[PDB]
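In the deposited numbering, each residue's number is its place in the sequence shown (first place is 1) plus 74. We treat Cβ as the ideally placed atom computed from N, Cα and C, and that holds for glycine.
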Amino acid sequence: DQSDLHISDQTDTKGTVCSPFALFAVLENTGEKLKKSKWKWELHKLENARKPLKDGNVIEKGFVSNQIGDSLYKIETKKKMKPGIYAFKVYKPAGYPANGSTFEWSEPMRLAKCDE
């Protein structure tokens, strides 16, 4: 379908959010209309936030599907996350001409328990 999604917003990478709380990323399609193209995503629990990010433990996953604006999609955890460091990893779909990269990471997001 010649779609082309990039991460345009997310849960803020600065600071630490009191847990448990959901995490999200917004993807903007700047290509042709997303039709049946499958952009797989994974929410990883990381060991650390050092760059470039490293694959961790996949906590949740899915495919980009929920349209929230004319060319805007949102991915959001259905669990609320426990304390930790996390990031979304979004893979290119079958047929995509991967020149730069086969995936895109969000910036990392941190949660910690406040009420103890």
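Limits of the unbroken beta strand (DSSP E) element including residue i
i	result
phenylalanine 162	158-165
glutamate 190	Careful: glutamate 190 lies outside any beta strand (DSSP E) and carries neither H nor E.
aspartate 83	79-84
When the options are compared against residue i, the one with the closest alpha-carbon
i	options	result
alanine 186	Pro171, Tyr170, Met155, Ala161	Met155
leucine 97	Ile142, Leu79, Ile159, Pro171	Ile159
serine 82	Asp75, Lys88, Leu120, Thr104	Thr104
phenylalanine 137	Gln84, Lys128, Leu108	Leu108
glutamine 84	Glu150, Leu120, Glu190, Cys188	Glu150
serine 77	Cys188, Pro171, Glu190	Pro171
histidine 80	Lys148, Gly169, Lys153, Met183	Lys148
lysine 135	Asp86, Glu116, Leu127, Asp129	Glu116
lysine 153	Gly143, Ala161, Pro182, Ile133	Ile133
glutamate 190	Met183, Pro157, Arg184	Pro157
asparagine 131	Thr87, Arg184, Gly143, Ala161	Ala161
Pair within 9 Å by beta-carbon distance, residue i and residue j
i	j	result
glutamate 102	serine 145	yes
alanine 99	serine 180	yes
Query raised in the report: Would the segment 82-95 and the segment 170-178 be scored as touching if the rule is three or more Cβ pairs under 8 Å?
Result: no
Requested in this report: Check whether the segment 99-116 touches the segment 151-166, taking contact to mean three or more Cβ pairs, one atom from each stretch, closer than 8 Å.
Outcome: Contact holds: three or more Cβ-Cβ distances are below 8 Å.
Report task. Please specify which runs of the beta strand (DSSP E), each continuous and at least 3 residues long, are wholly inside the segment 113-150, giving them in chain order. Result -> 114-120, 131-137, 140-143, 146-150
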